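Engineer: part one of the complex, left exactly where it sits:
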Amino acid sequence: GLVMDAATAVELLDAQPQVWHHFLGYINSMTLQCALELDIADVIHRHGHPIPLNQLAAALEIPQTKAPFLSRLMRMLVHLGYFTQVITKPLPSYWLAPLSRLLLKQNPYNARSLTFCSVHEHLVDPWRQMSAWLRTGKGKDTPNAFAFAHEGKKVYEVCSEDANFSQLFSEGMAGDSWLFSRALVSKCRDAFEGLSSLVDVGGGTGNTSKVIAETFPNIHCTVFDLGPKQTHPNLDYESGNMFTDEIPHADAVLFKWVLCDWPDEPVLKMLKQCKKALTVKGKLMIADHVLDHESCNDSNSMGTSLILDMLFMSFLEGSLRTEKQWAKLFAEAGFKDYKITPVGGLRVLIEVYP
């Protein structure tokens, strides 16, 4: 259509890049995904020492004519903290920074699958219909934007149609469990002392329970859930629906990154069922986010937590709860006391006593 003092103009001019940085956030996603697609971290690691740009391009099957673009991509990734670069000719050479441990294929805790899963069309595309879903009232409505953009299908049904996407999700969860469980049994050692049995609800391939069982040789761990499963003498598996099937009895019931996927109604119903079972008393163990906890209250951590809340809002049916929200559920479910112990990775352990 048709078509301020200097100090104010400069201030506003200088404020723009903060906005650009926000709306160009997808550039971080896509640059990281490229690094993974190209196996950059692995190729550098295989080299065994800093690798010159030309040799890196060659190993990546990037034409020498495009090495300058590879160089710019590396500069971005160095800034993100994955790699380092130096110029040994008076021609950059690249090596690994500590954050790259999380990209290496050889590490069972690498984040490759979660990355591919997270930036997949399945999870990004629905956001272009988020405004419409938000404005949809109650027969065109769906539980979330994901379903809104997948003809009514929630993520679990889409997982059953898309084996690759499903595999990425599971591998991504398994990778996190590898690291989280090792931090959990160390940071929260006292929470496992005294137990003879634990049920790991949504425990999947048993990565969490394997570590508990190996660390605390007297705990009989049972994974209760809907690749080959981890083996341990004190680790077994039971098939079931946590919402509509009865949870096996044990000294402790564990929910690792599970309750965050669901809204208060089905969570409360399940907790009430857990309170009945756990009562001689056992205890509830929740390894998950307490959004406003002191241990993750710094702005960087809060930013990432809130980003997860948005991610979950779009494709799951849960959220990252505050202590107040958790405490209300515990109270309503009939539990009497809880104790929070920080673990790491934005998450804590909540022990809840019936």
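Structural biologist: The structure has been received and is ready for your questions. Residues are numbered from 1 along each chain as shown, chains lettered A, B, ... in the order given.
Engineer: Count the neighbours of the closest residue to residue A:125 other than its chain neighbours for me.
Structural biologist: Using Cβ to Cβ, 6 or more residues apart in numbering and skipping residues adjacent in sequence, the residue nearest residue A:125 is residue A:149, 5.8 Å away. Any C-beta I mention is one placed from the backbone N, CA and C, and that applies to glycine too. Residues lying near residue A:149 (other Cβ atoms under 10 Å) number 23.
Engineer: what sits against residue A:149?
Structural biologist: Residues in contact with residue A:149 (Cβ atoms under 8 Å, 6 or more residues apart in numbering) are A:125-126, A:128-129.
Engineer: max-length helix in chain A?
Structural biologist: Secondary structure of chain A per DSSP state H: the longest helix is helix A:163-187.
Engineer: helices or strands up against that helix?
Structural biologist: If contacts are counted by 3 or more Cβ pairs under 8 Å, 6 or more residues apart in numbering; DSSP states H and E, helix A:163-187 sits against helix A:112-118, helix A:155-161, helix A:207-215, strand A:252-256, strand A:337-344, strand A:347-353.
Engineer: Show residues contacting the fourth one.
Structural biologist: Residues external to strand A:252-256 that are found in contact with it (Cβ under 8 Å, 6+ apart): A:177, A:180-181, A:195, A:197-203, A:208, A:247, A:274, A:277-278, A:282-288.
Engineer: What subset of these is buried?
Structural biologist: Buried subset of the contacts of strand A:252-256 (neighbour count, 16 or more other Cβ atoms under 10 Å): A:177, A:180-181, A:195, A:197-203, A:208, A:247, A:274, A:277-278, A:282-288.
Engineer: Just the residues you listed: which are in helices?
Structural biologist: A:177, A:180-181, A:208, A:274, A:277-278.
Engineer: Can I get the residues you listed in JSON lines including distance to residue A:80?
Structural biologist: Below are those laid out as JSON lines (distance: Cβ to Cβ, whole Å):
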{"residue": "A:177", "distance to residue A:80": "25"}
{"residue": "A:180", "distance to residue A:80": "23"}
{"residue": "A:181", "distance to residue A:80": "27"}
{"residue": "A:208", "distance to residue A:80": "29"}
{"residue": "A:274", "distance to residue A:80": "41"}
{"residue": "A:277", "distance to residue A:80": "46"}
{"residue": "A:278", "distance to residue A:80": "44"}
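Engineer: Kindly incorporate the sequence below as chain B:
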Amino acid sequence: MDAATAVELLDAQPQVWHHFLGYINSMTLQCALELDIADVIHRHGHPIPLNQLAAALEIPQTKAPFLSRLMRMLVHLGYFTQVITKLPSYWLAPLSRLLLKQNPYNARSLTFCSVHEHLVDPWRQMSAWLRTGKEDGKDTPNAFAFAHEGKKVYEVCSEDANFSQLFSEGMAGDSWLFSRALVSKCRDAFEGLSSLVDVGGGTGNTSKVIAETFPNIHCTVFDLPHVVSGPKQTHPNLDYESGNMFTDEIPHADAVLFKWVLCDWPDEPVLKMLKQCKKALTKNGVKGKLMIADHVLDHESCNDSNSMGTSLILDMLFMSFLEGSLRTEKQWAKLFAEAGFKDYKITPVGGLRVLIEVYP
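Structural biologist: Okay, chain B now, added to the rest:
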């Protein structure tokens, strides 16, 4: 692996999530613009409760809890504030000046342009493009063209007036602010000029401010026909000429200005054009000057970690959809030398950018 190493890696993991979940920032901001949140709150005139805000955005009351969560995200990003009254009430933060429709410097169009399918999608073919040789005939100058059946962006703009309008409006909004900073912080750069050609000057926001601030300077914006045939800034000492800077003669002037233009293009055509400017700027023994309003990637004014992060993000954006980069001082100085220039001066302006005066 000992426990301490496991905890350290577990605590480093969220940095990675934050990286790959970057698009959530993009999409939450775009939602805020789609929903007109800033404008609706501003029009309300004072902090607005959650339930009233839902109604004002035509979000059903049953979806208010989701709106609350989106606002919590946007408050953290710094666009809005939550005002404590004892439901949450919401108000505007300083950053929201850049979202309001009534401000001629708002960043709405640039945001929509930037997160558009045209610019996001080619990234899913970046690895394939990087691995493409100039032999099997599938090569293109960048991933954008690779993903657009060989079409480059300024071609897509001449054919797609909507996306094109987003991009030119986006540039205009920045120019509105940048030009006001420029004439203030670099006032001396305009001394003694009687003419200036703003090459790729768009819809004239830059030259309009130059012309008003420096009455002796006749300003000519030189851009493509589809950019300067519509509404644009007007002034008695400002006019527009159309053409292609690579194939047509640039208008003669005491100063040649490139604002956010040289960064779109690779060294070879940039050098050729700078050589042309050096010749033009030294005709008949009299010397003009070259002015570049652009990124100097390693300049002190944008050397901090946050600024550098945004510069490199732009370098990536430009790599995908343009044919240029954010050049370091080393890269610029080499071009100046090869083009035949004899001196330069760099003065910071703002928004990651500087003025380079280049003298023949």
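Engineer: Revisit the neighbour count of residue A:149 given that chain B is now included?
Structural biologist: If you count neighbours by other Cβ atoms under 10 Å in any protein chain shown, residue A:149 ends up with 23.
Engineer: Then the one 4 residues further on?
Structural biologist: When counting by other Cβ under 10 Å, one arrives at 16 neighbours for residue A:153.
Engineer: which residues does it contact?
Structural biologist: Taking Cβ atoms under 8 Å, 6 or more residues apart in numbering or on different chains, we find residue A:153 in contact with A:147, A:161.
Engineer: Could you tell me the angle between the longest helix of chain A and helix A:207-215?
Structural biologist: For helix A:163-187 against helix A:207-215, the angle by axes from the mean of the first three to the mean of the last three Cα atoms, to 10 degrees is 30 degrees.
Engineer: and helix A:163-187, does that touch chain B?
Structural biologist: Yes: residues of helix A:163-187 contacting chain B under Cβ under 8 Å from any Cβ of the partner chain: A:176, A:179-180, A:182-183, A:186-187.
Engineer: Could I get the buried residue list for that helix?
Structural biologist: By 16 or more other Cβ atoms under 10 Å in any protein chain shown, the buried positions in helix A:163-187 come out as A:165-166, A:168-187.
Engineer: following that helix, which helix or strand shows up next?
Structural biologist: helix A:189-192 (DSSP states H and E).
Engineer: Give the buried residues for that next one.
Structural biologist: A:191-192.
Engineer: name the helices or strands packed onto it?
Structural biologist: Judged by 3 or more Cβ pairs under 8 Å, 6 or more residues apart in numbering or on different chains; DSSP states H and E, helix A:189-192 is in contact with no other helix or strand.
Engineer: pretty sure residue A:318 contacts residue A:312?
Structural biologist: Yes: counting by Cβ atoms under 8 Å, residue A:318 touches residue A:312, with 5.4 Å between them.
Engineer: Would you confirm that residue A:240 contacts residue A:203?
Structural biologist: No: between residue A:240 and residue A:203 there is no contact, the gap being 11.3 Å when judged by Cβ under 8 Å.
Engineer: list residues touching both of these two?
Structural biologist: Joint contacts of residue A:240 and residue A:203 (Cβ under 8 Å, 6+ apart) are A:224-225.
Engineer: Report the residue ranges of every domain in chain A.
Structural biologist: As recorded under curated CATH domains, the domains making up chain A are A:1-103, A:104-354.
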